[PDB]
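To start, the structure itself, in structure tokens.
Rule-based calculations on the coordinates, nothing more; no lab input. A quick note on method: Cβ atoms are made from the backbone with ideal geometry, for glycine too, and the neighbour counts reach across all protein chains shown.
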Amino acid sequence: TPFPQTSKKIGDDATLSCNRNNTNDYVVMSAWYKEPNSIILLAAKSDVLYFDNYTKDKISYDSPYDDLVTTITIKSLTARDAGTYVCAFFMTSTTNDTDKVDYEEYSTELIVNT
Amino acid sequence: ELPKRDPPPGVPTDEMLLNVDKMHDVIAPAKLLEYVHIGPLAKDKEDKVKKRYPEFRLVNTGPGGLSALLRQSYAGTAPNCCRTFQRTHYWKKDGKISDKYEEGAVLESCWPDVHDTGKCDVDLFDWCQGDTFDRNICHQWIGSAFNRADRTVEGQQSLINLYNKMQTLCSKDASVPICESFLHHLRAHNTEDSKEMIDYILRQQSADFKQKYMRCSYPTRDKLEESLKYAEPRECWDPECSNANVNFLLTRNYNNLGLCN
Amino acid sequence: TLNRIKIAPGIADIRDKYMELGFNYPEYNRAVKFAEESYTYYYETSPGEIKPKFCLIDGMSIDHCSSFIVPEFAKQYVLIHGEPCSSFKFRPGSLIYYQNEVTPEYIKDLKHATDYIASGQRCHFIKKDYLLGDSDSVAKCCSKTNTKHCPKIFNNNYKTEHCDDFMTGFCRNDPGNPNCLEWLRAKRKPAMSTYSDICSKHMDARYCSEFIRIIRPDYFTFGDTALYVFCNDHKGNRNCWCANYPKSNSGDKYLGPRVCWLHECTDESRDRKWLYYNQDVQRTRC
Amino acid sequence: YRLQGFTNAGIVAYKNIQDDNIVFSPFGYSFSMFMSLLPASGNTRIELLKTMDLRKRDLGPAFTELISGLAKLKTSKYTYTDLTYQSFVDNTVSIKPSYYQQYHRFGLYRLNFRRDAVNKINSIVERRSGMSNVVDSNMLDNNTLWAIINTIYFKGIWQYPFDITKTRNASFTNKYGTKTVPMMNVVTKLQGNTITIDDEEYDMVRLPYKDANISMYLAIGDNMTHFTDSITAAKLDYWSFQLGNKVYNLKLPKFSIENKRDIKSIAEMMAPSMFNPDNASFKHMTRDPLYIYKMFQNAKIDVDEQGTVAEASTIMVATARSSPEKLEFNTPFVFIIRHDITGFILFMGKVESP
Ligand SMILES: *[C@@H]1O[C@H](CO)[C@@H](O[C@@H]2O[C@H](CO)[C@@H](O[C@@H]3O[C@H](CO[C@H]4O[C@H](CO)[C@@H](O)[C@H](O)[C@@H]4O)[C@@H](O)[C@H](O)[C@@H]3O)[C@H](O)[C@H]2NC(C)=O)[C@H](O)[C@H]1NC(C)=O
Ligand SMILES: *[C@@H]1O[C@H](CO[C@@H]2O[C@@H](C)[C@@H](O)[C@@H](O)[C@@H]2O)[C@@H](O[C@@H]2O[C@H](CO)[C@@H](O[C@@H]3O[C@H](CO)[C@@H](O)[C@H](O)[C@@H]3O)[C@H](O)[C@H]2NC(C)=O)[C@H](O)[C@H]1NC(C)=O
Ligand SMILES: *[C@@H]1O[C@H](CO)[C@@H](O[C@@H]2O[C@H](CO)[C@@H](O)[C@H](O)[C@H]2NC(C)=O)[C@H](O)[C@H]1NC(C)=O
Ligand SMILES: *[C@@H]1O[C@H](CO)[C@@H](O)[C@H](O)[C@H]1NC(C)=O
């Protein structure tokens, strides 16, 4: 498991970030899910869409200007909030006109305990 | 043939009336992956801003050169950072470190509570082993013995490795001052029953330690019989061991021998 | 080229306007929907964002669209890249909405033909916290002299590490500030060391009593080091001589259970700041 | 990076509806057509890229525009629009590993259509949204191996509340003996004018929603099949531009309409290969030849004295039931629900009361 395993305490704003390997291709989609299926939030440039039961009050999006890094900060951490977070990059190539997309998924273990 | 309209005059806010120069008490204290904001920067000065801040990377926040500095590293060297608890950050200049900003000095910050994450247990162990031990720092360095709340795979491994590595030295010869601070902290630092150095090497020590570092606690056979005689005249440190400070007392011998009210 | 430069004001909003731009050819005649700005934005266009209908032409100062926000309200909004804007050079600040027959392809064709259209990007302001960019102000509002116009990262009752370095020296200058004690309550190593040094130099003040009260259950080492250093310089002190470096006999004895039977001092503890951990916690059960 | 053709596709789909009691959601139809591009490939991909004016390079920035528009639509608590999407693929279908690694969290679900093919789909849709009885037992068969569902919910509290007072109206034109519909009257300042589409007068007024950049545009005139045929995004923008503020004494009915519509033809002319089993090249999803049989739209709209509640469901299934096609009514008015910033059109149709 080369992915980092970050640990924090309850109430501390945990910051989880990803850097896309392919910086040349236009970023169409940033995504943050919790395994196995639930989707936490969706990001397109500066705009953010919330799925399931999630709002800006609970989990924020403090990377609106930077595209090379996607970052989520979770405030008021809870043992329920502790889990494995999947962070997804969807690029398309704007150089030519093709149908192939680029997908980059990175996992990160967020462990919260007293 | 053209309806012209001059744009309204621009009122500049605080978000644009800045320069990274003369902003150093805001850039230096920061955390990882946080966008602390500096004013617009020209393309020529950016390199300088990059050189002064190696842990920071310039990110093009907005138009007109509006950029922020994102911290992705903590380049804190052990012989400078953990040697002094005061230094949250230091500055290099002409090959010398300092605690005050200067023109051209390169910033180097430190991990938060770096002694709580165990980055320095390797270097601090080999620095103040003797002849340079500081009663301030290397005594507070053992505050982590019960304050390590890292709860991380690397951190716990570092803590256990440090425990064993220093237990080797405290087994060879207790007279090391760092080991003295260790047995000072060992009263309740790790739960209440995690101390057994009594029977490993401290069970059989040199005869000089009988007369120099454990006087009435580790006695000879005749003194062993005399110690328990009467009603605790040699139990705890009444007779002559009271003059000797309570530095190296066996933990089992501590509660047992030293319990005089 | 352009023959019909007709304008059409918006009955719904004076800002939104139309241009019935007719040209030399019947192919090039367009009802371009362009909207200027005359409002002053004391509110939010979208939650957390302000998007004035002004959009800077490439090669213009960022100040022009910072005016449309009241200076009091614009103390928190940072300008970033927005969606690309097409404008009218003759009337700068124009925002050409793409609709119906007019398209960015046609916009690019018109730009190539003549200089009536200028590129740029929409002014996108996002609300972050206040911005602290002057060395005096970071020293000011972390010390709580002016609890205004600075980010909560420096104004969270010292819940973070963003103003520990300066206030180490600030508290070295004067430990009497209650905000200094509030910062010390944050339980941070720089505060630990600076207060240990201050107490070692000056334990006589009451600033050390609350410090040792705060730190003792968690960290022993800083308090013990300060107590050891302070007594060395002032050995004959009327209160230091209990259970410390200057006892009656040679060396420094009575460090541990020997303090349990002590009655002349360390019974009605006037100030537990003169004693280490062993001299108090074990003392209570003795 | 535009969605003008995206909305124009739904507008065209609404135009071809030949009915008098119409309640249609262009946004749902456009969403289905636009987001069926992910499993599309080859001929069907170019057909779906031609129906909405989106070149191959512009694919992906258009998705940023769509998601940003969805976020902007969900920016308030008094009014909000929810958009949900689900897909169901037969277990005998072996979807591509890359497609599953990419879009399996965006509503993909696996089940065989031979056993209990409807109740599970209904439960899933009711879990992920607020629509129930969306799928009936006659809508899926053993042949079917693929199902698609899209759902739109709009709730908007009026910016200017409609005072509740006793008023009713009656109609006597035809098709009914006597029918009474509740009415109300409010005096308030609103933006409404008298514009001509093509030498035809029309009174059009905009009703806003509280804490929302959404509006409901009402047009009243004599021959409004002409008005329906003359609907574009540009025309609606022009009408909003021209309609200006004045004091109005507006009388409106508290109408509630339900609609079910077959979209097969009107979603079929521009995408012939999406329904033909011999040309449906959906290779980004699976290698096997999978095609789409039929599609159906269910719409509900309620206009009250406090706000509007609208629901829509677009379904891609095998077959379904039919709906009446001849419900004639006189003196109606056209309503259009439009977000001013994004330019999306969510619901439009006609009424029967006035
Ligand atoms: C989308 O529509 C939304 C409709 O609510 C807009 O968001 C809201 O917009 C208002 C202003 O239109 C924001 O500002 C508040 O508005 C009033 C100010 O009006 C009062 O004072 C003026 C005189 O100054 C007077 O004429 C009025 O009658 C009122 O007495 C006050 O409530 C507040 O002080 C505040 O300024 C709202 O904050 C805002 N709501 C939010 C953000 O939730 C939004 O602008 C529209 N988007 C557009 C047009 O792009
Ligand atoms: C409401 O208005 C529509 C459309 O408006 C009509 O068409 C314009 C181009 C002008 O001619 C307007 O004056 C006119 O109102 C009416 O539908 C249209 O009706 C006309 C007249 O019957 C139809 O024209 C016929 O069409 C075919 C050939 O295309 C032949 O039968 C005839 O030669 C004749 O040209 C026209 O097709 C039709 N358009 C449709 C159905 O989309 C509509 O009747 C009117 N309603 C009422 C109640 O008057
Ligand atoms: C991440 O990107 C790097 C940099 O492009 C990739 O490393 C190169 O990948 C190419 C792929 O054609 C290889 O030809 C090179 O030999 C690679 N170089 C090195 C130094 O490894 C890398 O493969 C990408 N992916 C990952 C998972 O790291
Ligand atoms: C994309 O198209 C460009 C056109 O210049 C071409 O140079 C490049 O090789 C293409 N890339 C791929 C992966 O086909």
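Counting other beta carbons within 10 Å of each Cβ, put D:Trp146, C:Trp183 in order, fewest first.
Taking fewest neighbouring Cβ atoms as first place, the list is D:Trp146, C:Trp183.
Using the basic label-point model (7 angstrom from Cα toward the beta carbon), what is the B:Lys22 to C:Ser209 distance in nanometres?
4.5
Please compute the modelled spin-label separation between C:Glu182 and D:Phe106, points set 7 Å along Cα→Cβ, answer in nm with one decimal.
Simple spin-label model gives 4.9 nm for this pair.
Can you spot the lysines whose alpha carbon is less than 16 Å from D:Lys77's alpha carbon? Ignore those fewer than 8 places along the same chain.
Partners within reach: A:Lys56, D:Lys155, D:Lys210.
Suppose a student asked you for the relative contact order of region C:182-231, using Cα pairs under 8 Å spaced at least 6 residues apart; what percent would you report? Don't skip to the answer; put the middle values down first.
Working: 31 pairs, mean separation 22.8, N = 50.
After rounding, I find 46 percent.
Place a point 7 Å from Cα of C:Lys75 in the direction of its Cβ. Which residues in region B:12-34 have their backbone N less than 12 Å from it?
B:14-15, by backbone N distance to the label point.
What distance in nm separates the simple spin-label points at B:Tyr230 and B:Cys260, each placed 7 Å from Cα in the Cβ direction?
According to this spin-label approximation, the distance is 1.0 nm.
Which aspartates and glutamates, if any, have their Cα less than 20 Å from the Cα of B:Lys195, not counting same-chain residues under 8 positions apart?
Reachable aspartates and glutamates: B:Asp173, B:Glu180.
Taking neighbour counts of Cβ atoms within 10 Å as a proxy for exposure, in what order, fewest first, do C:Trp261, C:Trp241, B:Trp141 appear?
Taking fewest neighbouring Cβ atoms as first place, the list is C:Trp261, C:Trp241, B:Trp141.
Where in chain B lies the longest segment free of GluC sites (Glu not before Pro) that are both loop residues by DSSP (not H, G, I, E, B) and have at most 15 other Cβ atoms within 10 Å?
Value returned for the longest uninterrupted segment is B:2-101.
Which longest uninterrupted range of chain C lacks any GluC sites (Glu not before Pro) assigned by DSSP to a loop state (not H, G, I, E or B) and surrounded by at most 13 other Cβ atoms within 10 Å?
Result, exposed sites excluded: C:102-263.
Between B:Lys223 and B:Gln157, what's the calculated FRET efficiency when r is the beta-carbon distance and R0 is 56 Å? Round to 0.05.
Given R0 = 56 Å and the Cβ-Cβ separation, E is 0.80.
Quick check: Cα centre of region C:195-250 to Cα centre of region C:9-69, how many Å?
69
Find the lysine pairs in region C:157-285 meeting two conditions, Cα atoms under 29 Å apart and a separation of 8 or more places or different chains, and report how many there are.
18
Go through D:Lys235/D:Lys350; A:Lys9/D:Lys72; C:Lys51/D:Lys300 and tell me which ones have a Cα-Cα distance over 23 Å in this structure.
A:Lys9/D:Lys72; C:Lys51/D:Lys300
Roughly how many debye, to the nearest 20, is the charge dipole of region B:1-62 about its Cα centre, given +1 on each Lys and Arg Cβ, -1 on each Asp and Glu Cβ, and no other charges? Before the final figure, lay out each step's value.
Values: 11 positive and 11 negative charges, 47 e Å.
With only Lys, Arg, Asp and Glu charged at Cβ, the dipole is about 220 debye.
To the nearest 500 deg cm²/dmol, what mean residue ellipticity at 222 nm is calculated for chain D from DSSP H runs of n ≥ 4 alone, each contributing -39,500 (n - 2.57), summed and divided by the residues?
-6000 deg cm²/dmol, from helical runs alone.
Cα centroids of region D:133-174 and region C:71-109: how far apart, whole angstrom?
38
Considering only DSSP beta bridges with both partners in the protein assembly as shown, what is the antiparallel share in %, to the nearest 5?
95
Per residue of C:117-127, what is the mean number of Cβ atoms on other protein chains within 10 angstrom of that residue's Cβ?
Mean shielding by partner chains, rounded to a whole number: 2.
Helix D:119-128 versus the longest principal axis of chain D: what is the Cα-based angle in degrees, 0 to 90, to the nearest 10?
Approximately 60 degrees, to the nearest 10.
Compute the separation of the alpha-carbon centres of region B:43-101 and region A:21-35 and state it in Å as a whole number.
29
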